[PDB]
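Below you'll find only one chain, the form solved without ligand LO4, shown as structure tokens.
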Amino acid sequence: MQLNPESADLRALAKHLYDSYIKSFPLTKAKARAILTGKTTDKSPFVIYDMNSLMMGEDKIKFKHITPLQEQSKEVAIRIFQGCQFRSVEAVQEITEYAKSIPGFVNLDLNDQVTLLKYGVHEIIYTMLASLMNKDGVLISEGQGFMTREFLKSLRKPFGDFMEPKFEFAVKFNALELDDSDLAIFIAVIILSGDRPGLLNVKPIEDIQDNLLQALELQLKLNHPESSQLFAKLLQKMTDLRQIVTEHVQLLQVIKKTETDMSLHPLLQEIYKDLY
């Protein structure tokens, strides 16, 4: 590895991506981890860890003696997915803003820009979701709440199975200790994916992605002396992010053919809307 015009160009691109990442994403990983590790002394989320803590606060004591509504699994799942999609609007807008700062992206056919983002955002939302997760739980209600992993896992099927594979992913992804500067390039690589269905012009997307991959390679070597195959491990995380998205799409096919009746407390329905 040498310091040469090619390396300096790849560093200039990493710095450009980091600067537009900071402008695009007000909730950075650093800010997420500071909330999860106590540091933000004025940002102290309430922990929801059981049915009692779910219904603490005057606001919520009134669902303690409400009588559980029977509904189809199907209808409860779809209402949750309608809500978390609606609540993703800021993330989608921020990712779109970020994509426009990737050199070459706004020169692509505008329909290809829409295709890259309408598939890419879901993998980047799960990347952001990892930032909100530790082994114990996940930040909810714009960082004011913390829903426990084991409480989510305890809920009746299929809901109790929705989040555990995202936790399994997050604790392993988070163990790589990427920072915001690593993530800026990671996310750019995901967005400039030449394999998205329905792309008109694949080659110019692959040309930008090849340059982003070289910038990621150099970034990880300079930023992570402790992990010599971090680049290969991150390329495998990109596969894992696609598999989680595919699992959502498949589960939705499966739930849509079920006619199971069940209840889910309205306050648990509300919390699932903050997830993905």
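In case it trips you up, residue 1 is the first one in the sequence shown, and so on. Rigid core: the largest C-alpha set superposing within 1.5 Å between the two forms.
Q: Quick one: across the other PDB entries of this protein we compared, is residue 64 left without coordinates in at least a third of them?
A: Yes: coordinates for residue 64 absent from at least a third of the compared entries.
Q: Report the stretch with the higher mean CA temperature factor, choosing between 200 to 208 and 116 to 124 on the basis of the entry.
A: Per the PDB entry, the higher value belongs to 200 to 208.
Q: Hey, which bit's got the bigger mean C-alpha B factor in the entry, 256 to 264 or 5 to 13?
A: Comparing 256 to 264 with 5 to 13, the higher average CA B-factor belongs to 256 to 264.
Q: Would you mind finding, among 193, 141, 134, 181, the residue with the largest C-alpha temperature factor in the entry?
A: Result of the comparison over 193, 141, 134, 181: 141.
Q: Checking the entry, which one of 245, 230, 56, 216 has the top C-alpha B factor?
A: That would be 56, according to the entry.
Q: Consider only the C-alpha atoms of the modelled residues in this chain, order them by B-factor as the entry records it, and name the third containing residue 237: lowest, middle or highest.
A: As the PDB entry reports it, the C-alpha B-factor of residue 237 lands in the lowest third of its chain.
Q: C-alpha B factor of residue 224, ranked within the chain: lowest, middle or highest third?
A: Lowest third - that is where residue 224 ends up once the chain's C-alpha B-factors are sorted.
Q: Pull the Cα B-factor of residue 72 out of the PDB entry and bin it into the chain's lowest, middle or highest third.
A: Answer is highest: the recorded C-alpha B-factor places it there.
Q: Among the modelled residues of this chain, does the Cα B factor of residue 168 put it in the lowest, middle or highest third?
A: Answer is middle: the recorded C-alpha B-factor places it there.
Q: Using the B-factors in the PDB entry, rank residue 149's C-alpha atom against the chain and give the third, lowest, middle or highest.
A: As the PDB entry reports it, the C-alpha B-factor of residue 149 lands in the lowest third of its chain.
Although not depicted, the form deposited with ligand LO4 bound is the subject of the following passage.
Q: May I ask you to decide between open and blocked for this site, after superimposing the site C-alphas so that ligand LO4 adopts its pose in the bound PDB entry, counting ligand atoms within 2.4 Å of backbone or C-beta atoms with 3 as the threshold?
A: The pocket is blocked.
Q: Let me test this: is every residue among 84, 87 and 139 within 4.5 Å of ligand LO4 in the bound PDB entry, going by heavy atom positions?
A: Looking in the bound PDB entry, the three residues 84, 87 and 139 all sit within 4.5 Å of ligand LO4 (heavy atoms).
Q: Whether residue 163 contacts ligand LO4 in the bound PDB entry should be assessed with a 4.5 Å heavy atom distance threshold; does it?
A: Contact check for residue 163: yes, within 4.5 Å of ligand LO4 in the bound PDB entry.
Q: With a 4.5 Å heavy atom cut-off, would you call residue 102 a contact of ligand LO4 in the bound PDB entry?
A: No, residue 102 is distant from the partner.
Q: Is it the case that residue 80, even though its partner is missing from this view, gets within 4.5 Å of ligand LO4 in the bound PDB entry, heavy atoms only?
A: Residue 80 belongs to the contact set for ligand LO4.
Q: If I superpose the two forms on their rigid core, does the C-alpha of residue 53 end up displaced by 2 Å or more between the shown form and the other one?
A: Yes, the C-alpha position differs by at least 2 Å between the shown form and the other one.
Q: On a core-based superposition, does residue 181 travel 2 Å or more at its Cα between the shown form and the other one?
A: Shift at residue 181: below 2 Å after core fit.
Q: If I superpose the two forms on their rigid core, does the C-alpha of residue 14 end up displaced by 2 Å or more between the shown form and the other one?
A: For residue 14, whose C-alpha is compared between the shown form and the other one after core superposition, the shift is less than 2 Å.
Q: Since the C-alpha distance between residue 87 and residue 166 changes by 3 Å or more in the bound PDB entry, give its direction relative to the shown form: closer or farther.
A: Closer together, by at least 3 Å.
Q: Since the CA distance of residue 112 and residue 85 differs by 3 Å or more in the bound PDB entry, is it closer or farther than in the form displayed?
A: Here the pair is closer than in the bound PDB entry; there, farther apart.
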